[PDB]
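The chain below stands alone and is given as C-alpha cells, in the form deposited in one PDB entry.
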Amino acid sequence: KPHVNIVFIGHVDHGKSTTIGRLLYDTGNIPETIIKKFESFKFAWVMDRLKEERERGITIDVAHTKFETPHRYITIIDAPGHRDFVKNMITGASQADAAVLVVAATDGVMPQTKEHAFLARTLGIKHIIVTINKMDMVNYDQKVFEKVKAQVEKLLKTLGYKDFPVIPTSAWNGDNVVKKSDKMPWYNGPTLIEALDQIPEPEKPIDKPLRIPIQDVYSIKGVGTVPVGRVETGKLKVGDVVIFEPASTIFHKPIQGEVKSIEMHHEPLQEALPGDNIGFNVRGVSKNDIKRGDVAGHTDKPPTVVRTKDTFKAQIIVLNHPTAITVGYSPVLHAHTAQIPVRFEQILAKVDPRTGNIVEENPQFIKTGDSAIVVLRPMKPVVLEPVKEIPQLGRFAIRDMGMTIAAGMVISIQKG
C-alpha cells in the first residue's frame, strides 16, 4: 500500500479538528493516550480529549496521526493553528500529497480560505479535496451546498486546480466523513475517506528534469574535467549532453558537453539516479568553466537561472533576526551548493506563522518569528526553481553574521 501525507486547511472554526477527530473516531484510530484516559465513550467526549491533548502541547505535526484505507496509508502531517505550521511547510519538514480544504456551509468561502488555497498551490500540493462542512446546520440543503460549491469552484479554478471532489459533510454527526450519509440523497460522489483512498502517488524525482548541483570539480591528468555532485532529479546517462548554469549565462556561451563516464564510490556506472553521489567526466568543458554551486541539466530543460537583472519571489520564515528586517537588507542566500548575496527589494506581505493567513500587505519591517512574502534580487546569478515545480531546488536558507536568519521557498521568478 502506498503511503500518502495530507494536510487540513480552511478558515478557523470551519471544522478542521472536528473532521480529523471524526476520521479517527469512526475508523477506531483513537490516539493511545486517549484510549488510556478512558480506562461514556461518545464522539463529543473524544473531541474534548483531542482538544485537551492540543492544549497540553501535542500539536498535529507532532501527533502525526495515521490511519489505513483499503489502498492507502494516510498520515495527517499538519494543519494551521500551531506555532511552527508555516515553518514546517516552508522547510519541507511537513510535505503534503493532498490538502483537505474545509469550508463551512454556514459561512462559505472566507478571505482566509482563499489564502490557504494559495499556500497549498505555492507548496506544490497537486491534489485538493474540498469538504463543505456543517451541513447539519443548514438542514442538509442541496441549494446551500451548491452555492458554496460554486464559490469553491470559482476560487480553485482561478488557482489552476480542476476536478477535485466537493463533499458535503457533517464532521459533528458524521455524514460523508467515513460513513455515507442518509440525509443527503442528492449527493452521489465519494465520502471523505474514499476520496483520501484515491490520492495518487507523488510524482517521482526521476521523472522531473535532470538537476545536479555541483559540489566540487576535478581536473584529472589525461581524463579531463570531472564535476562532483548529487543527482537531485531526473537521470544521467553516459552519452548524455549536459549544460551548466549559471556558468552558461555568466560566460554568454554554452558550457556543456558529452558525459564520457560516471562514477560513484570510485566505481564506474552507466546511469546515475536520484540520490546518487557521483563524479562525471564531461568532454569539452574546462576545469575553469565550472565550479561549486553550478548546476547541470539536459540541454532539453536547462536549470533555471535568476540573473542580477532578474528578481525572485519567496515565502520565508524569520528564524533569527530580532532587529527589524527592511527593504535593502542584504544577507547571503544558501541553496543547494550555491551561496550568493541577495537584496530584499520588497516585502509584499507579512504572514501569520501559525496559520498562513496574511497579517498585512506591504509591511515596513519583519522580525524573528514573522513569515513573509518577499522579492529578492541576487547580486550574483543563481540557479533556483519554484518549489511547486522542482522542490529540491526551491528551498534555501538566508545567512548573515555567522547565523541562520531565515528559511525560504521560491514562489516565482521575474525575468528582468
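So that there is no doubt, residue numbering starts at 1 and follows the sequence shown. Only the largest set of C-alpha atoms that superpose within 1.5 Å between the two forms is called the rigid core.
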statement: Looking at residue 39 and residue 40, the deposited sequence has unmodelled residues in between totalling 4 to 9
query: Comparing 52-60 with 376-384, which has the greater mean CA B-factor as deposited?
result: 52-60
query: Which wins on mean Cα temperature factor, 363-371 or 40-48?
result: 40-48
task: Just grab whichever of 225, 170, 311, 91 has the top CA B-factor as deposited.
output: 225
message: Out of 341, 274, 81, 213, whose C-alpha atom has the biggest B factor in the entry?
response: 274
- line: Split the chain's modelled residues into thirds by Cα B-factor; residue 68 lands in the highest
query: Should residue 254 be placed in the lowest, middle or highest third of its chain by the C-alpha B factor in the entry?
result: middle
Third of the chain, ranked by Cα B-factor, where residue 268 sits: highest
statement: Split the chain's modelled residues into thirds by Cα B-factor; residue 137 lands in the highest
message: Could you place residue 206 in the lowest, middle or highest third of its chain by Cα temperature factor, using the values in the record?
response: highest
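The form deposited in another entry is left out here; the points below concern that form.
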- prompt: Among 148, 318, 333, 262, which is the residue that shifts its C-alpha 2 Å or more between this form and the one not shown, core superposed?
  reply: 148
field: Core fit, then residue 174 C-alpha moves 2 Å or more between this form and the one not shown
entry: yes
- request: Could you tell me whether the Cα atom of residue 251 shifts by at least 2 Å between this form and the one not shown after core superposition?
  value: no
query: When the two forms are laid on each other by their rigid core, does residue 91 show a Cα shift of 2 Å or more between this form and the one not shown?
result: yes
task: Say whether the C-alpha atoms of residue 347 and residue 11 sit closer together or farther apart in the other entry than in the form shown here, given that their separation changes by 3 Å or more.
output: farther
query: What happens to the Cα distance from residue 394 to residue 92 in the other entry: does it get closer or farther than here, with a change of 3 angstroms or more?
result: farther
